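Asker: Pasting in a structure now, in structure tokens, and then I'll have a few things to ask.
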Amino acid sequence: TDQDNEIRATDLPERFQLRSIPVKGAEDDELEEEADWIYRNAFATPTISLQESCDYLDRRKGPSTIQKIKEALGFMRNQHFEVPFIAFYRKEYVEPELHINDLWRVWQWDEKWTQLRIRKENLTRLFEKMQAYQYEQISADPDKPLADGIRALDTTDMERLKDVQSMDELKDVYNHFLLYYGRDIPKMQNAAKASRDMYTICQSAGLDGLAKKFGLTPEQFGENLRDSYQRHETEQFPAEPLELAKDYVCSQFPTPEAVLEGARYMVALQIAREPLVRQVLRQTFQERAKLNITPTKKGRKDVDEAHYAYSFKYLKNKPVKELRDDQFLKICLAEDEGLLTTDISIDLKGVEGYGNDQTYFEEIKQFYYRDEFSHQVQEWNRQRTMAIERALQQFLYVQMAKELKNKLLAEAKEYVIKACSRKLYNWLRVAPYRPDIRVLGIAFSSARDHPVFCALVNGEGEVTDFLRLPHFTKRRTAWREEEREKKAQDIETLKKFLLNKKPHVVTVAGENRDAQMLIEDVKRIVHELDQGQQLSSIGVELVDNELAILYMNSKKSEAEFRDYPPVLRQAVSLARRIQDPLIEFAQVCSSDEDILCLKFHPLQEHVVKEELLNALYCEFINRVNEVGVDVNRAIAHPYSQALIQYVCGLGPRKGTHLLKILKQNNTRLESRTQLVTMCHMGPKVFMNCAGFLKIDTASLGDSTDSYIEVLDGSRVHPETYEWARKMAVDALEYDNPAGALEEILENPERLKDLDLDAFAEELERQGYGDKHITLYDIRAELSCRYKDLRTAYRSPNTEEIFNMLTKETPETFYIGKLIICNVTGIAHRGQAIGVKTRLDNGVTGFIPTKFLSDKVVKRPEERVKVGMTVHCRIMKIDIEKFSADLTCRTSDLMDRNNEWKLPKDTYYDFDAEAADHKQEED
Amino acid sequence: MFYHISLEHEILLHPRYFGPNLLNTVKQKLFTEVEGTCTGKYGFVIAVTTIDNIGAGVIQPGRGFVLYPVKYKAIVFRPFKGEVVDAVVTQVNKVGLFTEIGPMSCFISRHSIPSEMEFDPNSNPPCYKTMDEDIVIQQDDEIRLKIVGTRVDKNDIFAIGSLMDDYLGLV
Amino acid sequence: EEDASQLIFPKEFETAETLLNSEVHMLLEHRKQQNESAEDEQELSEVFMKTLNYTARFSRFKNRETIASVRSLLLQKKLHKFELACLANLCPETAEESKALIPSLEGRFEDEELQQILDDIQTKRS
């Protein structure tokens, strides 16, 4: 499409262009307002529910971050600098309060500010148009006072619109505006064009005039609520409500009681729609809201101990503040399935007699009350009481409770997305394997008959040779002779293959518990070679094959290796992953949303897909820019081309176009300058991506006749190349620019002698700003060019191995859980100690004889047989040996005392639970 | 449009239930059968109110089963072309608006929306709006729409609505 | 080829009697009450849930007394069932609004008495 061509040509970051709301320059005043607004609503606003900080980069913030946010906004809005560029080359302006992840939050919240600003502008035009059209009637006949139904759209309403700081407040203003002027707008449209429900019933009948005689205006009452006292004294009227009611009696409201009933609705609705009243109550709900849960007929039988809603099956007076992590999301999901019903309220339920149990309605009843014993006052007081009663229960309670649930649900979903981001970051932070490279990836299937495929990949991840072992999964200690013979032959075949190829490390898929057996066989084979010193030590590692499985399923693997079977294909991925997890993850995760196929969080499917995807890709951008991308390597190795799209300021389109020109010219990216002279890269795009693209200058050699810049293979941005050369010159204490820079790289030990503190002032003196952080980065690059900052690879620990092989987690595998196991034999030590069982996850269970039955057991043989299925409860878990103590006693299964069942919610409604099943028995 | 009509349905009975509770299993099966179905001739069937009568079943030779003609009065929701009804907005996007009238789901095309409304991809909640923004329709709003077409799919009629006429908008 | 513009309907709507949204809501809630007491019963279809929520939300009248009063009121006028049900369910607030909503209504009865009937419907709401 022509859009891609425009993006390719535009001199802006691709992600900036792809933003739904175009990025526009921001004035200083706008930046100040946005910076304060972003800080208040993004960093200084605690969540209603309990959410722990997800920040992992740190190895809350005060007002000082407002200036940092403003600097970040200026770089993005005005200078069109993407987040990676700011976090890596503008640290002095955003750090230490703002990091790369925080800058993403500011960037995300920058979008939110723009849309809110636009809406306020639109509402301002509507308010002005109504303000003018309403004035038209006054202009013609100023003498005639405005009718009671024609409220004055004064500047107070206009200013209130200008003071809106959130969408919720905006809606209150908009809803309040429509209540009084909503009816007349269609007349307003025609007049402006040519010149160029239950509420309306009370207005037509004239009850609005009666509505003004109740004692206070909606704004006045809202002030009383805000200050929690009688700031405005209700004005009393002589005639009783009924006496004034008969005046407004008509065909629509025959009886005086109906007249008052209709008038009462106006007061209740007007109070509800008052933004000040809504604002005050909105705060009240966030402070005293409580959650109550009662299971439905469906959930009363579906929510068992193993159900995810068991903990909160019954909830009574649980404050919303107590909710933590994604607890609310599970509650909502259970409600979505019809298992339970929720309720958000600000008053205690079934807690009668508790001290200060008066409901919120009673507390504010005196804020619209007249303290007099006269009969007329009591009638008016009674009339006043019902109006607010209608206002709270009918409108305010319903709307505010729904608003809180959405706010609570959003927080729960945000935590899930945060959890998904954490998992991806850990995977991408693993550095390339460093032997104490050629990698032999071994993969196997859970089936016994399936063979074992070994894939060998050179240093650049290119498959050079592979090995097929039909009977490697068989045990060398098997009693049957032929199995040992079949197993033995495969061992030597791998032994010869290892001897010749000499792989640096061997990776075995952690498909299941059988992976451990393969590890021992491979390690033993390597030990034999190392025993005679005929070959150096070869590392043996266990690698999770989840990503390898995805590559095996992905159609991309078919194109690359059509003839390679699926088991062999995943072998390549396992060997490739250890070489460079970042490249494998980026290559494996394509633009077809294959990333979502990975299991990041159990509830990752219940969150917004776009929000989840954006967070995940941010980790790739952060890691890819930090690690850097080599264009020349990508050209020679297509499978590594997936990293260019994540490069700062390039995106999928420009990144793909960058390779096209280079391949079209049949040349290499010898220098960063070629990105402009040859690839015709815009100055703004070059600024964002020049410092994140690496060129292996040494690999070029003498074949590159054109000048080769040594600094091109370092994080030092081209803008600071002169600074780096000056730093090198000072290190050697000269008294040429290209000589000291070359010499200092060979012997950077002299860099420590540099006084970089003094050099900062000289740049500051000549108008360059604070660059102390930048100078330190330049010195570090000279010491080591593009040093890898990723965490060093380490073998998986016992906890990870158990999860990797058993595919189990503490949440799903815990003590007291009811499980199903199959008896495989009797544990002996004639004499027996119990029954041995195997779980579907590979864990071998054990049932002691005493726990084998409620009553005494004489011989376990008759109780159970080999292959029998027995329902058991977990007592102990041994992840190291993949063992777990089990009990199958009938009393234990019943768990009358609830000793084995998981803990319930603190505010669990046990009284409701006891009554529910008690009525069931009857 | 909801309607109360009397329909007839023949239920087959396995000899398993030729017991004291036969007439009860007859009505139980009728309820399980008709309820929830949809038909072009009678529209959706919402519920079975009463059973007018159970005819004498017949024994079908060779087969074991017995067939009963069960005349029954039920609630049906049948829309019509040119009918104005209330609807509930359930999803809003750039293409248009999606509403529900009871069981039926409706989609409002751009040619059925007044010219004043315009699509706005920039808004966070996508919606239909005009410059004046006198009326705003978003998810969960109540609208009044004119039915413009009927298309039957897998024994499930689906309709397309319209709001192009005067006085059809969020009230 | 059956619609409110033409009023040429099948033999079936000739036989059957229409019901209003409030009556249908009442009937469906009664059915739900009877179904809930039922044990070991194929639960009510999700479609029924959705229809019930829809009917309850837009129920203009709340009690059986009001429904019966409205039924008698509209039964008094010489109105066909379809126009009666459409006016009762939508409940137009203005005579012009109802004329626009139901073209069949205009040209049939005078507007002063239509304003009277509409105001009666409004007064019936509670």
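By convention here, the chains of the structure tokens are called A, B, ... in the order presented, each chain's residues are numbered starting at 1, and ligands are numbered starting at 1 in the order presented.
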Using only C-alpha atoms, I'd like every residue of chain B that has an atom within 8 Å of chain A; please write them out as a ChimeraX atom specification.

Answerer: /B:121-124,132-134,171

Asker: For chain B against chain C, with a cut-off of 6 Å and counting only C-alpha atoms, what is the closest atom pair and its distance in Å to one decimal for every residue that makes the cut, ordered by chain and number, as CSV?

Answerer:
residue,atom,partner,partner_atom,distance
B:3,CA,C:18,CA,4.9
B:4,CA,C:18,CA,5.7
B:5,CA,C:16,CA,5.0
B:80,CA,C:3,CA,5.6
B:81,CA,C:3,CA,5.7
B:102,CA,C:51,CA,4.4
B:103,CA,C:51,CA,5.7

Asker: Name all residues at most 12 Å from residue C:77 (count only C-alpha atoms; drop same-chain ones fewer than 4 positions away) and give them as a PDB file with N, CA and C atoms, in the first residue's frame.

Answerer:
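What landed in result38.pdb:
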ATOM      1  N   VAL C  70     -53.216  -0.330  31.821  1.00  0.00           N
ATOM      2  CA  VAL C  70     -52.836   0.102  30.478  1.00  0.00           C
ATOM      3  C   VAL C  70     -53.570  -0.735  29.441  1.00  0.00           C
ATOM      4  N   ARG C  71     -53.674  -2.040  29.690  1.00  0.00           N
ATOM      5  CA  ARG C  71     -54.355  -2.916  28.748  1.00  0.00           C
ATOM      6  C   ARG C  71     -55.811  -2.513  28.586  1.00  0.00           C
ATOM      7  N   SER C  72     -56.504  -2.244  29.690  1.00  0.00           N
ATOM      8  CA  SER C  72     -57.891  -1.798  29.587  1.00  0.00           C
ATOM      9  C   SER C  72     -57.998  -0.449  28.881  1.00  0.00           C
ATOM     10  N   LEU C  73     -57.103   0.484  29.220  1.00  0.00           N
ATOM     11  CA  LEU C  73     -57.112   1.795  28.580  1.00  0.00           C
ATOM     12  C   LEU C  73     -56.987   1.659  27.071  1.00  0.00           C
ATOM     13  N   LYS C  81     -54.060  -4.565  17.230  1.00  0.00           N
ATOM     14  CA  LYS C  81     -53.051  -5.053  18.164  1.00  0.00           C
ATOM     15  C   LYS C  81     -51.636  -4.581  17.842  1.00  0.00           C
ATOM     16  N   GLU C  83     -50.459  -1.770  16.254  1.00  0.00           N
ATOM     17  CA  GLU C  83     -50.209  -0.382  16.644  1.00  0.00           C
ATOM     18  C   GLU C  83     -50.255  -0.218  18.155  1.00  0.00           C
ATOM     19  N   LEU C  84     -51.191  -0.902  18.810  1.00  0.00           N
ATOM     20  CA  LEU C  84     -51.291  -0.830  20.261  1.00  0.00           C
ATOM     21  C   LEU C  84     -49.996  -1.272  20.919  1.00  0.00           C
ATOM     22  N   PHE C 109     -56.404   8.539  13.240  1.00  0.00           N
ATOM     23  CA  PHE C 109     -57.120   9.173  14.338  1.00  0.00           C
ATOM     24  C   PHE C 109     -56.641  10.602  14.546  1.00  0.00           C
ATOM     25  N   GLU C 113     -56.963  13.673  20.493  1.00  0.00           N
ATOM     26  CA  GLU C 113     -57.162  12.462  21.269  1.00  0.00           C
ATOM     27  C   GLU C 113     -55.930  11.583  21.265  1.00  0.00           C
ATOM     28  N   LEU C 114     -55.012  11.782  20.320  1.00  0.00           N
ATOM     29  CA  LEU C 114     -53.794  11.005  20.421  1.00  0.00           C
ATOM     30  C   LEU C 114     -52.931  11.596  21.513  1.00  0.00           C
ATOM     31  N   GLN C 116     -54.076  12.949  24.123  1.00  0.00           N
ATOM     32  CA  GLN C 116     -54.697  12.488  25.359  1.00  0.00           C
ATOM     33  C   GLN C 116     -54.284  11.058  25.695  1.00  0.00           C
ATOM     34  N   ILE C 117     -54.324  10.158  24.706  1.00  0.00           N
ATOM     35  CA  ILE C 117     -53.910   8.782  24.975  1.00  0.00           C
ATOM     36  C   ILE C 117     -52.433   8.709  25.343  1.00  0.00           C
TER      37      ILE C 117
END

Asker: Show me, as a list in words, the residues of chain C whose atoms get within 9 Å of chain A, using only C-alpha atoms for the distance check.

Answerer: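 Here they are: residues 36, 43, 93, 119, 120, 122 and 123 of chain C.
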
Asker: My list of candidates is B:145, B:127, B:101, B:58. Which is closest to residue B:1 when distances are computed with only C-alpha atoms?

Answerer: B:101

Asker: For the atom pair atom CA of residue A:713 and atom CA of residue A:785, what is the interatomic distance in Å to one decimal place?

Answerer: 6.5 Å

Asker: Do you know which residues are at most 7 Å from residue B:142 counting only C-alpha atoms, after dropping those on the same chain fewer than 6 positions away, and could you put them as a PyMOL selection string?

Answerer: chain B and resi 86-89+170

Asker: Now that the selection is made, can you save its residues with N, CA, C and O atoms as a CSV table (one decimal), in the first residue's frame?

Answerer:
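Okay, this is what ended up in again.csv:
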chain,number,residue,atom,x,y,z
B,86,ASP,N,-36.4,-0.6,20.1
B,86,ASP,CA,-35.3,-0.3,21.0
B,86,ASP,C,-34.2,-1.4,20.8
B,86,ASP,O,-34.5,-2.5,20.5
B,87,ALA,N,-33.0,-1.0,21.0
B,87,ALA,CA,-31.8,-1.9,20.9
B,87,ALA,C,-30.8,-1.5,21.8
B,87,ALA,O,-30.7,-0.3,22.3
B,88,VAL,N,-29.9,-2.4,22.2
B,88,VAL,CA,-28.8,-2.2,23.1
B,88,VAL,C,-27.5,-2.3,22.4
B,88,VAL,O,-27.1,-3.4,21.8
B,89,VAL,N,-26.7,-1.2,22.4
B,89,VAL,CA,-25.4,-1.2,21.7
B,89,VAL,C,-24.5,-2.1,22.6
B,89,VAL,O,-24.4,-2.0,23.8
B,170,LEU,N,-30.3,8.4,20.5
B,170,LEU,CA,-30.2,8.2,21.9
B,170,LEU,C,-31.1,9.2,22.6
B,170,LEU,O,-30.9,10.4,22.5

Asker: Check the smallest atom-to-atom distance from each of A:524, A:301, A:513, A:858 to residue A:494 using only C-alpha atoms, then report the winner.

Answerer: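 Using only C-alpha atoms, the shortest distance to residue A:494 belongs to A:524.
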
Asker: Give me every helix (DSSP H, G or I) residue in stretch 833-892 of chain A, going by DSSP on the backbone, as a list in words.

Answerer: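 The helix (DSSP H, G or I) residues within stretch 833-892 of chain A come out as residues 850, 851, 852, 860, 861, 862, 863, 890, 891 and 892 of chain A.
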
Asker: Filtering to C-alpha atoms, could you give me those residues as a short mmCIF file (atom, residue, chain, number, x, y, z; two decimals), in the first residue's frame?

Answerer:
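selection_34.cif was written with the following content:
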data_model
loop_
_atom_site.label_atom_id
_atom_site.label_comp_id
_atom_site.auth_asym_id
_atom_site.auth_seq_id
_atom_site.Cartn_x
_atom_site.Cartn_y
_atom_site.Cartn_z
CA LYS A 850 -0.48 -46.37 57.42
CA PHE A 851 -1.96 -43.77 55.03
CA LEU A 852 -3.23 -46.51 52.69
CA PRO A 860 -0.98 -53.83 50.75
CA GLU A 861 -1.23 -56.42 47.96
CA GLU A 862 -5.01 -56.84 48.14
CA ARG A 863 -5.75 -53.14 48.68
CA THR A 890 -11.13 -41.88 52.95
CA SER A 891 -11.13 -39.58 55.98
CA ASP A 892 -8.27 -37.57 54.44
#

Asker: Restricting the calculation to only C-alpha atoms, which member of B:19, B:161, B:79, B:62 is positioned closest to residue B:99?

Answerer: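 Answer, going by the shortest atom-to-atom distance: B:161.
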
Asker: Residues within 6 Å of stretch 750-764 of chain A, please, as a list in words. Count only C-alpha atoms; anything in the same chain fewer than 5 positions from it doesn't count.

Answerer: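 What passes the distance filter is residues 731, 769 and 772 of chain A.
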
Asker: Using N, CA, C and O atoms, can you write the selected residues to a file as a PDB file, in the first residue's frame?

Answerer:
ATOM      1  N   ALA A 731      44.006  10.785  26.848  1.00  0.00           N
ATOM      2  CA  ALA A 731      44.473   9.623  27.597  1.00  0.00           C
ATOM      3  C   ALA A 731      45.963   9.391  27.382  1.00  0.00           C
ATOM      4  O   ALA A 731      46.696   9.095  28.332  1.00  0.00           O
ATOM      5  N   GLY A 769      25.565  21.540  27.627  1.00  0.00           N
ATOM      6  CA  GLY A 769      24.789  20.955  28.700  1.00  0.00           C
ATOM      7  C   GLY A 769      25.596  19.964  29.515  1.00  0.00           C
ATOM      8  O   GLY A 769      26.789  19.742  29.300  1.00  0.00           O
ATOM      9  N   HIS A 772      28.113  14.532  31.920  1.00  0.00           N
ATOM     10  CA  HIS A 772      28.938  13.671  32.761  1.00  0.00           C
ATOM     11  C   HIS A 772      28.584  12.203  32.559  1.00  0.00           C
ATOM     12  O   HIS A 772      29.473  11.348  32.478  1.00  0.00           O
TER      13      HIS A 772
END

Asker: Mind pulling up the distance from atom CA of residue A:597 to atom CA of residue A:464?

Answerer: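 A separation of 29.4 Å between them.
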